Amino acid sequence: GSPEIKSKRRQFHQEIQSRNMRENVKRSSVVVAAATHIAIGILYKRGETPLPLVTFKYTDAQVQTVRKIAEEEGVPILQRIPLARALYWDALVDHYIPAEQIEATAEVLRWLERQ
């Protein structure tokens, strides 16, 4: 895949998703955020997901609502600006994380295990 086809895949898999925001937050393990700009959902369940999965991407004021819902549902949210940005631009929703984001995502999930 060319960068162009990657961009088509990203847009398509965003558009085909049929989940509301609460459902997306609730099914996530953790939210990686850049406050007021980005929220990315990550799902990782040992022996279910072979790798962390990106569940959602929201932006701007939607991040406020994600924070409100995450608090209600007991999903932790962490400020990781570079990871949030990289996943925003490069990840495909409902797919495993890109290789380049493995190290940073594992660091978040070690934190999550401690939480």
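Residue numbers run from 1 along the displayed sequence.
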In terms of the CA temperature factor given in the entry, to which third of its chain does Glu107 belong: lowest, middle or highest?
-> middle
Which third, lowest, middle or highest, does the CA B-factor of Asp60 fall in along this chain?
-> lowest
With respect to C-alpha B-factor, does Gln101 fall in the lowest, middle or highest third of the chain as deposited?
-> middle
Position of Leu43 among the chain's modelled residues by C-alpha B-factor, lowest, middle or highest third | lowest
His95 - which third its CA temperature factor falls in, relative to the rest of the chain | lowest
